[PDB]
Structures are given as structure tokens and as C-alpha cells.
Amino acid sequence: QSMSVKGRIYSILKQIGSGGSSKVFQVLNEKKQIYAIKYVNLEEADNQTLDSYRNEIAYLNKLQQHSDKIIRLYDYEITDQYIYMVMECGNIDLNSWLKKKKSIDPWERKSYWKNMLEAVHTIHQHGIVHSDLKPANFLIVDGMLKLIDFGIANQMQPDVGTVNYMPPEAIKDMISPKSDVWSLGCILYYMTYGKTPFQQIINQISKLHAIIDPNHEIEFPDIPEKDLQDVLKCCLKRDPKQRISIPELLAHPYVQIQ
């Protein structure tokens, strides 16, 4: 099987993942260079979701120049029937990497964190809040973490969702850049303690309650990296006004001092 995108032929090596009407394929161009093609079957798409894809593609194209921490979008084809996006192919997504890894290098964790702050910070500058950040939104490419999507179009899984990274303010509102800080904090906590802050809570209703309860104290076990522990405490503050900002996270010793 092979596909054509803007007159360029790509042979499919394998399907990396499938989400909804969208599929991701590892592919090779004529020169044998590797790429990831995202295929979206628009045949059963509503004007709201169709628009979301248009918005996601526009931002992705727009944010190309601003940061290298955002996945490369080389080309794309849009028709009433389908969408093809030619993107750089990464080794693996951060989620699948974390599920696999028995332990994580302190340097790698710090480097990955920095990449994440840079990518997320970039989208914030353009007025975009992902609001659905999780490890699966990050791709490891060349030992570097890149943001795959901006939370506008539907998420994909390799070949079920989670409320583990949800900020308290999102639950209570029944969403500002601080909401992404909470989620990034949950990712870092996971990379630090091998679990998310509320993973232990099996009962989902209880979990949401734990997330919004001031009296529920998140555990921050002592570790050699005292700066890392402070980052975690500052990202996981329930009051978004008191929660640390990305610009402040970028001036933190944890990311500045080595």
C-alpha cells in the first residue's frame, strides 16, 4: 500500500496509531526518508470537528517557525473526503516510552521537562491552551521531546482516555495557561515518582473529588533533587493564581542550574 500527498508518493511501512477517523502511518518517500503521515477520513465529519482539524492544521503550520519543540509539518493535502499531513516521524510517544521505562535518568527527565516547557510556552504565546496535556501529546524525536498536537483535533492511541492530568479549575467550572502547567506538573510527577498524583484513586468520582479537595494533600516524597520537588509542589497548587507560570518555570533552578 502507498499514498500520494501533493504529487509525492509515500509507501506505508506500518500504522503507528488510529484515533477516531484518523490514522497515523510510518512511511517512506521515494528517497527512502522516513515520515509519519496522519490520515483523516472526513466522510462522517461534522462542521464543528471538521473546523477543529482546519484550526489544528493552521496553528501547526503557523507555529513551525516559532519552535523546534513542535513537530515538523512538511506538507498536507485537504479535500472534502480526507486530510493528509506529512510530518516528521518520531521514535515513540512519551506515554509508551514511560509505560516501558523501568527507571528514568535525571538528566533525561530535566531535558524532557525543558522541551515540554518550551513547546507549551510557544502555544501559549499565540493564545492557545492545550487543556488536554498528557504524555501521549509528546513525541520523542532525536532524543528530544516535541509537542504533537494543540488539543483542538481528536487524540490518537497506538496500535481509552484518562482524567489523571485534569486541573481542579476545569472540574470546578461545572481554563487559562495555568491549566497546562497543572498537566505538565502531573507528567513531571509521573516521570519522578513513577505515578500520577491521583492514580491510586480507582473510583473516578472520588478521584475528581481528590483533585479539587484542598484538604487532600498530594504526597511529595523527599528526593535528592530538591529543585525538582519544588517544581512539582509549584505546578500542583490547586489555586491557578498561586500555581507557577511557564515563564517562572523557565527561570527555575531546576531548569537553569546543572
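Take the two forms, superpose them, and find the largest set of C-alpha atoms that agree within 1.5 Å; that set is the rigid core. In case it trips you up, residue 1 is the first one in the sequence shown, and so on.
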| query | finding |
| --- | --- |
| Which of 189-197 and 43-51 strays further in 8 other deposited structures of this protein - Cα RMS after rigid core alignment | 43-51 |
| Missing-residue flag, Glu88, threshold a third of other entries | no |
| Gap at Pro106 across at least one third of the other PDB entries | no |
| Size class of the missing deposited segment between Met174 and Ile175 | 10 or more |
| Absent coordinates between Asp105 and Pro106 - deposited residues affected, binned into four classes | none |
| Higher-B stretch (mean Cα B-factor, as the entry records it), 94-102 or 137-145 | 94-102 |
| Stretch with the higher entry mean CA B-factor, where the candidates are 19-27 and 239-247 | 19-27 |
| Member of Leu42, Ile70, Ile57, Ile37 with the greatest C-alpha B factor (per the PDB record) | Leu42 |
| Member of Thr122, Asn154, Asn115, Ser179 with the greatest C-alpha B factor (per the PDB record) | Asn154 |
| Third assignment of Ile78 from its chain's C-alpha B-factors | middle |
| CA B-factor placement of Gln48, once the chain's modelled residues are sorted into thirds | highest |
| Chain-wide C-alpha B factor ranking for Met85, given as lowest, middle or highest third | lowest |
| Ranked against its chain, the third holding the CA B-factor of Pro168 | middle |
| Ranked against its chain, the third holding the CA B-factor of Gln200 | highest |
